[PDB]
């Protein structure tokens, strides 16, 4: 009846989004009053996003389509600094709209695989008309899209199909060997999140293998560690929507030079599924439970988490 769940996976893989989804699906979710509280973080996320892109234009030596935008860009830092946390002025709105629309800013945005741009950037910046209004109320999806900093381990608890779930997301905060051992102790299932769309990210300077291969190295280690014999290993191949949009223009050979298949969603996604499941060295004993997911899609998470729950039940 008591079920301990550990979310693992790279930063930006979708862990805290899943946590939020469990709140929406299996807890009370977000009321309109709570949603109003996320307004400031929506604005900051939006501004961080366009700033991140402006910075990359500098590093990447991409010029603005129209040179007037440079003053907008200069102004953005002043106006964002003038603050009023939770409120966007007509002038800030204007500055951001004209930046997001600039052909150079767009050129840089399309080159996001060369730098680190969060996946909520397009979502907010494409919704500027709705968002910038002084009467704007964040929808549940807006809230789901928010990016907050956190203090260490996160835990939500909920009851589903008569089970007490404790879902732990350790997150990007560095933890000592002892904290991990405590986390691993008494674990029913591990959900390993993978950002599919990370396949085309440029190698960092100190990095020997690409993000996907590091994710694979970690998963090999978790999945084959004898301590997890009776632990249900669940693999979420996440950001499938973003993967489907990318696979057309960025070949999977960026990530897997040996890939000989086509660049259809179907063949390239299957290929990644095999790369992961083939790391299982105890194939006859151990079964990976793999789902392709869009963590920001509430329906999909609900469906997938339903199948996962049936798996944990049956494993008795």
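Residue numbers count along the first chain shown, from 1.
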(message) Highest mean C-alpha temperature factor of the two stretches 234-242 and 200-208, which is it?
(response) 200-208
(request) Take the C-alpha B-factors listed in the entry for 93-101 and for 129-137, compute each mean, and give the stretch with the larger one. (result) 129-137
(message) Among the choices 220, 84, 114, 214, identify the one whose CA B-factor in the record is greatest.
(response) 84
(message) Per the entry's Cα B factor values, which of 247, 28, 255, 52 stands out as the maximum?
(response) 28
(message) Can you tell me whether residue 276 has a C-alpha B-factor in the lowest, middle or highest third compared with the other modelled residues of the same chain?
(response) lowest
(request) Relative to the other modelled residues of the same chain, rank the CA B-factor of residue 165 and answer lowest, middle or highest third. (result) highest
(request) Relative to the other modelled residues of the same chain, rank the CA B-factor of residue 142 and answer lowest, middle or highest third. (result) middle
(message) Can you tell me whether residue 61 has a C-alpha B-factor in the lowest, middle or highest third compared with the other modelled residues of the same chain?
(response) middle
(message) Split into thirds by Cα B-factor across the chain's modelled residues, where does residue 35 land: lowest, middle or highest?
(response) highest
